[PDB]
Amino acid sequence: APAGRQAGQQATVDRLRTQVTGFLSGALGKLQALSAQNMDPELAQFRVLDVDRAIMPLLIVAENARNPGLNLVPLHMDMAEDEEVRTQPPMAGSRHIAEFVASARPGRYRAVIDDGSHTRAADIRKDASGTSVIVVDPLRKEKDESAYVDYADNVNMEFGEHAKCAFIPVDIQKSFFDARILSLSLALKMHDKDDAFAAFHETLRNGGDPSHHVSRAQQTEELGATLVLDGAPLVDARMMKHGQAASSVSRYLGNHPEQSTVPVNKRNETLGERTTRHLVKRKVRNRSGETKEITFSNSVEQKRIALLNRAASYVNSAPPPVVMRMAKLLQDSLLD
Ligand SMILES: O=P(O)(O)O[C@H]1[C@@H](OP(=O)(O)O)[C@@H](OP(=O)(O)O)[C@@H](OP(=O)(O)O)[C@@H](OP(=O)(O)O)[C@H]1OP(=O)(O)O
(Lines give C-alpha, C1' and ligand atoms only; values in the text may rest on other atoms or scores of the structure.)
Protein backbone atom coordinates (compact mmCIF):
# COMPACT_ATOMS: atom_id res chain seq x y z
CA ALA A 1 0.00 0.00 0.00
CA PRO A 2 1.18 3.54 -0.81
CA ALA A 3 -1.34 5.29 1.49
CA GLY A 4 0.21 3.43 4.44
CA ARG A 5 3.46 5.29 3.78
CA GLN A 6 1.87 8.66 2.86
CA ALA A 7 1.10 10.00 6.38
CA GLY A 8 -1.99 11.84 5.09
CA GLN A 9 -0.22 13.98 2.45
CA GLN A 10 -0.97 11.87 -0.66
CA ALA A 11 -1.98 15.04 -2.53
CA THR A 12 1.17 16.97 -1.57
CA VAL A 13 3.45 13.97 -2.11
CA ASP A 14 1.91 13.24 -5.50
CA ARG A 15 2.25 16.82 -6.72
CA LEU A 16 5.81 17.02 -5.45
CA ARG A 17 6.64 13.75 -7.18
CA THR A 18 5.24 15.06 -10.49
CA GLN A 19 7.14 18.30 -9.90
CA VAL A 20 10.48 16.52 -9.50
CA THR A 21 10.00 13.98 -12.30
CA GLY A 22 8.65 16.86 -14.36
CA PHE A 23 11.92 18.74 -14.09
CA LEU A 24 14.13 15.70 -14.63
CA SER A 25 12.06 14.69 -17.66
CA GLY A 26 12.16 18.24 -19.03
CA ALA A 27 15.94 18.45 -18.81
CA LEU A 28 16.29 14.93 -20.13
CA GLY A 29 14.12 15.77 -23.15
CA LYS A 30 16.11 18.88 -23.99
CA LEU A 31 19.45 17.13 -23.49
CA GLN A 32 18.32 14.15 -25.56
CA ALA A 33 17.19 16.35 -28.45
CA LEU A 34 20.54 18.15 -28.42
CA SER A 35 22.47 14.89 -28.37
CA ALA A 36 20.30 13.21 -30.97
CA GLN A 37 20.83 16.17 -33.24
CA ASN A 38 24.58 16.16 -32.57
CA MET A 39 24.39 19.69 -31.16
CA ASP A 40 26.79 21.31 -28.72
CA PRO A 41 24.80 22.61 -25.72
CA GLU A 42 26.78 25.84 -25.34
CA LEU A 43 26.38 26.85 -28.98
CA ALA A 44 22.69 26.00 -28.65
CA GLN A 45 22.47 28.39 -25.67
CA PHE A 46 21.45 25.57 -23.34
CA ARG A 47 22.70 26.38 -19.87
CA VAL A 48 24.13 23.04 -18.82
CA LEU A 49 25.95 24.62 -15.87
CA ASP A 50 22.65 25.61 -14.29
CA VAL A 51 20.95 22.35 -15.16
CA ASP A 52 23.83 20.25 -13.82
CA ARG A 53 24.03 22.26 -10.60
CA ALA A 54 20.30 21.83 -10.04
CA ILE A 55 20.12 18.09 -10.86
CA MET A 56 23.37 17.05 -9.20
CA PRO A 57 22.06 16.85 -5.59
CA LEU A 58 19.15 14.75 -6.90
CA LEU A 59 21.54 12.46 -8.78
CA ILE A 60 23.53 11.97 -5.59
CA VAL A 61 20.41 10.92 -3.69
CA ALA A 62 19.43 8.46 -6.43
CA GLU A 63 22.93 6.98 -6.65
CA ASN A 64 23.31 6.65 -2.87
CA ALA A 65 20.05 4.70 -2.79
CA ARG A 66 20.97 2.69 -5.89
CA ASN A 67 24.33 1.66 -4.42
CA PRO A 68 24.25 1.25 -0.63
CA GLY A 69 27.72 2.05 0.70
CA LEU A 70 28.52 4.61 -2.00
CA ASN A 71 27.91 7.24 0.68
CA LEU A 72 28.42 10.08 -1.75
CA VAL A 73 28.50 13.56 -0.21
CA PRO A 74 28.74 16.92 -1.99
CA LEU A 75 31.53 19.06 -0.56
CA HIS A 76 33.03 22.43 -1.35
CA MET A 77 36.31 24.18 -0.65
CA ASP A 78 36.67 27.58 1.07
CA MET A 79 36.91 29.54 -2.20
CA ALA A 80 33.50 28.16 -3.19
CA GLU A 81 32.08 30.38 -0.45
CA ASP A 82 33.55 33.45 -2.16
CA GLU A 83 30.69 35.16 -4.00
CA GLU A 84 33.10 37.41 -5.89
CA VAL A 85 35.36 34.76 -7.41
CA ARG A 86 33.20 31.66 -7.86
CA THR A 87 31.35 30.98 -11.12
CA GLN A 88 28.39 29.40 -9.31
CA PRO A 89 27.37 28.90 -5.69
CA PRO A 90 27.80 25.28 -4.46
CA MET A 91 24.98 22.83 -5.15
CA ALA A 92 22.10 22.55 -2.70
CA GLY A 93 23.10 20.62 0.42
CA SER A 94 26.85 20.98 -0.19
CA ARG A 95 28.98 20.92 2.94
CA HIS A 96 32.15 22.85 3.67
CA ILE A 97 35.04 20.38 3.80
CA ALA A 98 36.33 21.59 7.19
CA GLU A 99 32.85 21.31 8.67
CA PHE A 100 32.37 17.83 7.20
CA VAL A 101 35.70 16.39 8.40
CA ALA A 102 35.06 17.80 11.87
CA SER A 103 31.56 16.43 12.46
CA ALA A 104 31.19 13.46 10.09
CA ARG A 105 30.62 10.05 11.57
CA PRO A 106 33.62 7.83 11.03
CA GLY A 107 33.39 5.71 7.91
CA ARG A 108 33.98 5.55 4.19
CA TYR A 109 32.73 8.32 1.89
CA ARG A 110 32.76 9.47 -1.70
CA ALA A 111 32.60 13.12 -2.64
CA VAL A 112 32.34 15.52 -5.51
CA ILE A 113 34.36 18.57 -4.52
CA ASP A 114 33.46 22.04 -5.73
CA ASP A 115 36.00 24.89 -5.61
CA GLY A 116 33.60 27.44 -7.08
CA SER A 117 34.43 26.91 -10.73
CA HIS A 118 35.58 23.31 -10.96
CA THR A 119 34.56 19.94 -9.52
CA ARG A 120 36.64 16.86 -8.66
CA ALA A 121 35.89 13.38 -7.30
CA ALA A 122 37.22 12.04 -3.99
CA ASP A 123 37.35 8.89 -1.87
CA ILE A 124 37.41 9.67 1.86
CA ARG A 125 38.18 7.61 4.98
CA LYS A 126 37.71 8.95 8.50
CA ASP A 127 38.23 7.02 11.71
CA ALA A 128 39.63 7.43 15.20
CA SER A 129 43.15 7.92 13.82
CA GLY A 130 42.08 10.70 11.47
CA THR A 131 41.00 11.38 7.91
CA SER A 132 42.58 10.21 4.64
CA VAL A 133 41.36 11.33 1.18
CA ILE A 134 42.15 10.33 -2.41
CA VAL A 135 41.21 13.01 -4.97
CA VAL A 136 40.77 12.30 -8.68
CA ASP A 137 40.55 15.38 -10.91
CA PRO A 138 38.93 14.68 -14.32
CA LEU A 139 40.72 17.76 -15.66
CA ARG A 140 44.41 17.89 -16.53
CA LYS A 141 45.10 21.15 -18.40
CA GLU A 142 48.20 22.55 -16.70
CA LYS A 143 51.13 23.20 -19.02
CA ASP A 144 53.78 23.10 -16.31
CA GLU A 145 53.14 20.03 -14.15
CA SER A 146 54.28 21.91 -11.07
CA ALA A 147 50.91 23.56 -10.66
CA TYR A 148 49.57 20.17 -9.58
CA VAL A 149 51.89 20.35 -6.59
CA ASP A 150 49.97 23.42 -5.44
CA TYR A 151 46.63 21.72 -6.13
CA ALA A 152 47.69 18.75 -4.00
CA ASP A 153 48.75 20.98 -1.10
CA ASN A 154 45.59 23.13 -1.22
CA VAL A 155 43.26 20.12 -1.04
CA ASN A 156 45.32 18.66 1.81
CA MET A 157 44.89 22.04 3.57
CA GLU A 158 41.07 21.88 3.28
CA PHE A 159 41.05 18.53 5.04
CA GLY A 160 43.62 19.94 7.47
CA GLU A 161 47.35 19.27 7.62
CA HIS A 162 47.15 16.09 9.67
CA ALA A 163 44.95 14.49 7.01
CA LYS A 164 46.60 12.15 4.53
CA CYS A 165 46.02 13.21 0.94
CA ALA A 166 46.55 11.91 -2.58
CA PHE A 167 45.91 14.08 -5.64
CA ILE A 168 45.51 12.40 -9.05
CA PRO A 169 44.95 14.68 -12.09
CA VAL A 170 43.60 12.71 -15.08
CA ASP A 171 43.16 13.88 -18.69
CA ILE A 172 39.44 13.11 -19.14
CA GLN A 173 37.68 16.46 -19.49
CA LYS A 174 38.09 18.66 -22.54
CA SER A 175 34.84 20.65 -22.42
CA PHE A 176 34.19 23.56 -20.13
CA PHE A 177 31.04 22.23 -18.47
CA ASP A 178 31.48 18.46 -17.89
CA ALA A 179 33.42 18.46 -14.57
CA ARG A 180 30.36 17.70 -12.42
CA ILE A 181 29.10 14.73 -14.40
CA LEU A 182 32.64 13.35 -14.84
CA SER A 183 33.31 13.64 -11.09
CA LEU A 184 30.06 11.89 -10.20
CA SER A 185 31.04 9.12 -12.58
CA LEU A 186 34.52 8.91 -11.06
CA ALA A 187 32.99 8.73 -7.58
CA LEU A 188 30.86 5.76 -8.65
CA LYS A 189 33.92 4.03 -10.05
CA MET A 190 35.68 4.58 -6.72
CA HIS A 191 32.93 2.66 -4.96
CA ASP A 192 33.25 0.06 -7.68
CA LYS A 193 36.98 -0.17 -6.93
CA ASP A 194 36.38 0.15 -3.19
CA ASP A 195 39.03 -2.39 -2.27
CA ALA A 196 41.68 -0.77 -4.45
CA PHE A 197 41.10 2.64 -2.92
CA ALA A 198 40.96 1.22 0.60
CA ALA A 199 44.40 -0.29 0.04
CA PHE A 200 45.72 3.08 -1.12
CA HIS A 201 44.21 4.68 1.99
CA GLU A 202 46.24 2.27 4.15
CA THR A 203 49.50 3.04 2.34
CA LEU A 204 48.83 6.75 2.79
CA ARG A 205 48.12 6.33 6.50
CA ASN A 206 51.17 4.13 7.01
CA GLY A 207 53.51 6.16 4.81
CA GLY A 208 54.31 3.20 2.57
CA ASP A 209 55.37 2.96 -1.07
CA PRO A 210 52.60 4.30 -3.34
CA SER A 211 53.91 2.31 -6.28
CA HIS A 212 51.87 -0.67 -5.13
CA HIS A 213 48.90 1.32 -6.37
CA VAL A 214 50.02 3.90 -8.92
CA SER A 215 52.83 4.17 -11.46
CA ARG A 216 54.26 7.62 -10.77
CA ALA A 217 54.03 9.53 -7.50
CA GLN A 218 55.84 12.19 -5.47
CA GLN A 219 55.78 14.06 -2.16
CA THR A 220 54.90 17.75 -2.29
CA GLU A 221 57.26 18.27 0.67
CA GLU A 222 55.28 21.25 1.87
CA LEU A 223 52.31 19.29 3.16
CA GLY A 224 53.52 15.76 2.49
CA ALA A 225 50.63 15.10 0.13
CA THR A 226 51.18 12.42 -2.49
CA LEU A 227 50.96 13.91 -5.96
CA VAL A 228 50.16 11.18 -8.49
CA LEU A 229 51.05 12.16 -12.08
CA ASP A 230 50.25 8.61 -13.28
CA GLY A 231 47.34 6.87 -11.54
CA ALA A 232 47.42 3.53 -13.38
CA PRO A 233 46.65 0.91 -12.47
CA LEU A 234 44.44 2.49 -9.77
CA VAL A 235 43.15 4.66 -12.61
CA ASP A 236 42.29 1.82 -15.00
CA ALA A 237 40.43 1.62 -18.31
CA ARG A 238 37.02 1.82 -16.65
CA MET A 239 37.94 5.20 -15.12
CA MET A 240 38.95 6.49 -18.57
CA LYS A 241 35.66 5.53 -20.23
CA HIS A 242 34.32 9.08 -20.53
CA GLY A 243 37.51 10.52 -22.05
CA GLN A 244 36.35 13.32 -24.33
CA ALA A 245 39.37 13.53 -26.63
CA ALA A 246 40.09 10.42 -28.68
CA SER A 247 43.77 11.23 -28.29
CA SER A 248 43.49 11.12 -24.48
CA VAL A 249 42.09 7.59 -24.63
CA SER A 250 44.59 6.54 -27.30
CA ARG A 251 47.55 8.07 -25.45
CA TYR A 252 46.51 6.37 -22.21
CA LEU A 253 46.31 2.98 -23.91
CA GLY A 254 49.59 3.69 -25.67
CA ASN A 255 51.14 4.32 -22.26
CA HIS A 256 49.40 1.37 -20.61
CA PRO A 257 48.86 -1.27 -23.35
CA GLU A 258 47.77 -3.82 -20.77
CA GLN A 259 44.62 -1.70 -20.30
CA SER A 260 43.64 -2.03 -23.96
CA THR A 261 42.10 -5.50 -23.79
CA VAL A 262 40.20 -5.43 -20.49
CA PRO A 263 36.40 -5.28 -20.79
CA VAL A 264 34.99 -1.96 -19.55
CA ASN A 265 31.36 -3.05 -19.45
CA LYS A 266 29.02 -6.03 -19.50
CA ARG A 267 28.71 -5.92 -23.29
CA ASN A 268 32.47 -6.82 -23.25
CA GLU A 269 33.73 -3.73 -25.06
CA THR A 270 37.34 -2.62 -24.71
CA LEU A 271 38.06 1.03 -23.92
CA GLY A 272 38.98 1.68 -27.57
CA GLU A 273 35.91 -0.12 -28.93
CA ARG A 274 33.59 1.80 -26.60
CA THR A 275 35.27 5.16 -27.24
CA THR A 276 35.19 4.67 -31.01
CA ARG A 277 31.43 3.96 -30.82
CA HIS A 278 30.90 7.36 -29.13
CA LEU A 279 32.84 9.50 -31.62
CA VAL A 280 31.00 12.43 -33.17
CA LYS A 281 32.02 15.38 -35.35
CA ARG A 282 30.38 18.72 -34.47
CA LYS A 283 30.96 22.43 -33.93
CA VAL A 284 31.88 23.58 -30.44
CA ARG A 285 32.71 27.06 -29.01
CA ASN A 286 36.39 28.00 -29.30
CA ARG A 287 38.19 29.16 -26.13
CA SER A 288 38.85 33.59 -34.17
CA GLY A 289 36.48 32.45 -35.31
CA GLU A 290 33.86 31.75 -32.64
CA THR A 291 33.21 28.07 -33.43
CA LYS A 292 35.55 25.20 -34.23
CA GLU A 293 34.71 21.74 -35.57
CA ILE A 294 36.13 18.75 -33.72
CA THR A 295 35.85 15.00 -33.47
CA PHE A 296 35.41 13.75 -29.93
CA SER A 297 33.61 11.25 -27.71
CA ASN A 298 30.08 12.19 -26.65
CA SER A 299 30.18 9.58 -23.83
CA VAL A 300 29.67 12.21 -21.10
CA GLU A 301 26.59 13.78 -22.64
CA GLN A 302 25.17 10.23 -22.87
CA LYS A 303 26.12 9.55 -19.26
CA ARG A 304 24.34 12.71 -18.13
CA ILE A 305 21.25 11.45 -19.89
CA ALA A 306 21.60 7.96 -18.42
CA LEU A 307 22.03 9.45 -14.94
CA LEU A 308 18.87 11.49 -15.40
CA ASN A 309 17.01 8.40 -16.59
CA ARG A 310 18.09 6.54 -13.44
CA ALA A 311 17.14 9.42 -11.21
CA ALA A 312 13.68 9.84 -12.72
CA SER A 313 12.90 6.12 -12.54
CA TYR A 314 13.95 6.17 -8.91
CA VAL A 315 11.74 9.16 -8.13
CA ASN A 316 8.66 7.58 -9.79
CA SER A 317 8.50 4.84 -7.19
CA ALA A 318 10.51 6.39 -4.35
CA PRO A 319 8.98 6.53 -0.85
CA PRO A 320 7.33 9.80 0.26
CA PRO A 321 10.20 11.05 2.53
CA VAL A 322 12.64 10.70 -0.36
CA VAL A 323 10.28 12.56 -2.70
CA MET A 324 10.05 15.25 -0.02
CA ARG A 325 13.82 15.50 0.30
CA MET A 326 14.42 15.69 -3.46
CA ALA A 327 11.70 18.27 -3.98
CA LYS A 328 13.32 20.37 -1.26
CA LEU A 329 16.78 20.01 -2.82
CA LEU A 330 15.30 21.16 -6.12
CA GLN A 331 13.75 24.22 -4.44
CA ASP A 332 16.92 24.98 -2.48
CA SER A 333 18.90 25.28 -5.71
CA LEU A 334 17.37 28.75 -6.05
CA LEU A 335 18.47 30.22 -2.68
CA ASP A 336 22.02 31.50 -3.32
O1 LIG B 1 29.18 3.41 -12.90
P2 LIG B 1 27.72 3.05 -13.17
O3 LIG B 1 26.89 4.33 -13.03
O4 LIG B 1 27.21 2.09 -12.12
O5 LIG B 1 27.45 2.48 -14.72
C6 LIG B 1 28.11 1.48 -15.22
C7 LIG B 1 28.50 1.70 -16.70
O8 LIG B 1 28.33 3.00 -17.10
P9 LIG B 1 29.72 3.90 -17.38
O10 LIG B 1 30.03 4.05 -18.86
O11 LIG B 1 29.71 5.27 -16.68
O12 LIG B 1 30.87 3.12 -16.78
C13 LIG B 1 28.09 0.65 -17.82
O14 LIG B 1 27.63 1.27 -18.84
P15 LIG B 1 28.27 1.59 -20.35
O16 LIG B 1 29.66 1.04 -20.59
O17 LIG B 1 27.34 1.00 -21.40
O18 LIG B 1 28.33 3.11 -20.57
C19 LIG B 1 27.07 -0.46 -17.34
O20 LIG B 1 26.27 -0.81 -18.34
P21 LIG B 1 26.54 -2.19 -19.18
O22 LIG B 1 27.59 -2.99 -18.41
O23 LIG B 1 25.26 -3.05 -19.32
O24 LIG B 1 27.06 -1.91 -20.59
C25 LIG B 1 26.33 -0.34 -15.98
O26 LIG B 1 25.16 0.32 -15.97
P27 LIG B 1 23.62 -0.48 -16.14
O28 LIG B 1 23.69 -1.89 -15.54
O29 LIG B 1 22.51 0.29 -15.40
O30 LIG B 1 23.14 -0.62 -17.60
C31 LIG B 1 27.47 0.06 -15.02
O32 LIG B 1 27.21 -0.25 -13.74
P33 LIG B 1 28.29 -1.03 -12.79
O34 LIG B 1 29.70 -0.65 -13.27
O35 LIG B 1 28.15 -0.67 -11.29
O36 LIG B 1 28.13 -2.56 -12.89
Side-chain angles (χ1 to χ4, degrees), residues 24 27-28 31-32 35-36 48 52 55-74 108-112 119-123 134 136-139 168 170-175 177-198 231-246 248-250 252-253 256 259-280 296-318:
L24 295 178
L28 185 49
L31 288 162
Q32 245 298 322
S35 180
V48 200
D52 277 351
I55 69 177
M56 200 64 168
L58 275 63
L59 303 184
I60 292 166
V61 168
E63 293 305 323
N64 278 333
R66 184 179 84 92
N67 320 100
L70 171 64
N71 302 330
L72 179 51
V73 177
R108 188 81 170 280
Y109 300 84
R110 278 76 204 190
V112 293
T119 297
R120 311 171 165 98
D123 184 303
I134 298 152
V136 180
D137 189 335
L139 179 58
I168 317 185
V170 184
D171 185 27
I172 306 178
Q173 183 177 340
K174 289 305 180 191
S175 93
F177 48 84
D178 287 321
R180 288 187 177 104
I181 300 304
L182 288 170
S183 292
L184 170 54
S185 171
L186 291 177
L188 296 177
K189 289 318 184 210
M190 285 163 176
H191 181 43
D192 196 49
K193 299 192 61 163
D194 192 274
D195 289 340
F197 278 90
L234 180 64
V235 178
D236 55 12
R238 275 176 120 269
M239 282 200 158
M240 291 296 306
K241 289 230 251 164
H242 302 303
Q244 302 197 287
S248 297
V249 173
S250 166
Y252 170 77
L253 291 177
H256 299 96
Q259 300 290 326
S260 63
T261 61
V262 304
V264 294
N265 53 30
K266 286 190 291 305
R267 84 170 56 178
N268 197 48
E269 291 181 291
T270 65
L271 180 57
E273 280 163 19
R274 187 188 182 283
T275 301
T276 292
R277 172 164 72 81
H278 287 81
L279 292 179
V280 299
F296 71 97
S297 169
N298 77 346
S299 186
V300 184
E301 88 188 14
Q302 302 275 27
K303 184 69 183 187
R304 179 183 291 102
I305 286 159
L307 287 159
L308 280 163
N309 271 327
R310 280 187 195 162
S313 278
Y314 174 66
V315 175
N316 283 320
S317 63

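The first residue of the sequence shown is numbered 1, and numbering continues consecutively from there. Counting convention: from 1, in listed order, for ligands and their atoms alike.
For the pair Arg66 and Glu63, the salt-bridge criterion is met [side-chain N within less than 4.0 Å of a carboxylate O]. Taking the charged nitrogens against the carboxylate oxygens, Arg110 and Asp123 do have a contact shorter than 4.0 Å, which makes a salt bridge.
Two residues are said to be in side-chain contact when any heavy atoms from C-beta on lie closer than 4.5 Å; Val280 and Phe296 meet this criterion. Residues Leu59 and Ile181 have side chains in contact (heavy-atom distance under 4.5 Å, counting atoms from C-beta outward).
When heavy-atom distances to ligand 1 are checked against 4.0 Å, the residues falling inside are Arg66, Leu188, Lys189, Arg238, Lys241, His242, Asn265, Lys266, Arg274, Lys303, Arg310, ordered by chain and number.
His191 NE2 to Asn64 CG: the interatomic distance, rounded to the nearest 0.5 Å, is 9.0 Å.
The only member of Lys189, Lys193, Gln259, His256 that meets side-chain hydrogen bond (donor to acceptor under 3.5 Å, both in side chains) when paired with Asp236 is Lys193.
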